[PDB]
Amino acid sequence: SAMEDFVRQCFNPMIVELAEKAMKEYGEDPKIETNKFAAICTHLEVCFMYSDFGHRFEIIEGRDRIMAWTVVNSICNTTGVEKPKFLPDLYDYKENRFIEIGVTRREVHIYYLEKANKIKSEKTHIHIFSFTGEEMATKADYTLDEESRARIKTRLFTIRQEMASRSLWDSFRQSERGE
Ligand SMILES: Cc1nc(-c2[nH]c(Br)cc(=O)c2O)no1
Ligand SMILES: [Mn+2]
Ligand SMILES: [Mn+2]
């Protein structure tokens, strides 16, 4: 499958290795579930960019369940913020809130509604990015400055265009794996 080669060519080896772990540890083959592989890579990269564009952010995503829950519990004990039922992706120290990052191939409002209905906890802030350069955040609070969100949007659009240049974007968009 060309999707695997595209993933290995456009994503950092660290991100690819983390995605391979998240998949093979839980019984999934990145050679079979290629769309999910690409989606996990993209989501991890977006989370890491979000965090780097802050210090201000503590990355929960990219860790094993043990370490992620350890970090969440430590943040809850220090700041007193309520413990999320589902592992969020980041913690904002400035705004003092957990953040769930979503990357979708569908409309941002549909994915935002799905995410909100999933995590029935208003305190976890939701930020949805799309591959067409659109975003949607809880209360329209995008947390980051314009430049950081622009960089993330450019990266996402570039991933989509690279997929399209290899005739991979149609299969990826018509699939909902990873969201
Ligand atoms: C636990 C745990 N779940 C996730 C997760 N799963 C999917 Br599917 C889409 C996401 O955006 C996301 O953050 N990360 O940690
Ligand atoms: Mn997550
Ligand atoms: Mn997420």
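In this report, we go over the structure that sits alongside the text. (Residues numbered from 1 in each chain as written, not as in the entry; some residues may be left out. Chains lettered and ligands numbered in written order. Heavy atoms only, no water. Residues with missing side-chain atoms left out of burial classes, pairs and counts.)

Turning to the coordination of the manganese ion (ligand 3), a few remarks are in order. Looking at the manganese ion (ligand 3), the protein donor atoms are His 43 (NE2), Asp 89 (OD), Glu 100 (OE) and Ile 101 (O), and they sit 2.1 to 2.3 Å from it. Viewed at the metal, the six donor atoms of the manganese ion (ligand 3) are separated by angles of 74 to 175°, and the geometry they form is octahedral. A separation of 3.9 Å is found between the manganese ion (ligand 3) and the manganese ion (ligand 2), both of which receive a donor from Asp 89. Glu 100 matches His 43 in its accessibility class, with the two residues each being buried. (Donors = N, O, S within 2.8 Å, 3.2 Å for Na, K, Ca; no water. Tetrahedral: all angles 85-135°; square planar, octahedral: opposite > 155°, others 65-115°. Buried < 20%, exposed > 50% of the residue type's maximum accessible area, 1.4 Å probe, protein only.)

Each donor-metal-donor angle in an ideal tetrahedron of four donors is 109.5 degrees, and each such angle in an ideal octahedron of six donors is either 90 or 180 degrees. Looking at the metal site, the manganese ion (ligand 2) is ligated by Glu 61 (OE) and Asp 89 (OD), spaced 2.3 Å from it. Residue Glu 61 is classed as partly exposed on the basis of its relative accessible area, which comes to 27%. Accessibility expressed as a relative area gives 2% for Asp 89, which makes it buried.

All right, on to the sheet that holds strand β2 (residues 90-92) then. One open sheet holds the five strands; their spatial order is β1-β2-β3-β4-β5, and the pairing between them is mixed. If you trace the sheet from one side to the other, it starts and ends with β1 (57-59) and β5 (135-137), each paired once. Within this sheet the neighbouring strands show an average axis-to-axis angle of 25°, counted without direction. Sheet topology places strand β3 (residues 97-104) next to strand β4 (residues 125-130); six bridges connect them, and they run parallel. Considered in β4, the bridge of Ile 101 is made with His 127. The strands touched by helix α3 (residues 34-52) are β1, β2, β3 and β4; relative to β3, the strand with the most contacts, the crossing angle is about 140°. (Pairing = 2+ DSSP bridges. Helix = DSSP H or I, 4+ residues; strand = E, 2+ residues; numbered from the N terminus. Axes fitted to C-alpha atoms, helices over the stretch in contact; angles between N-to-C directions. Contact = heavy atoms within 4.5 Å.)

What is shown is where atoms sit, not what they do.
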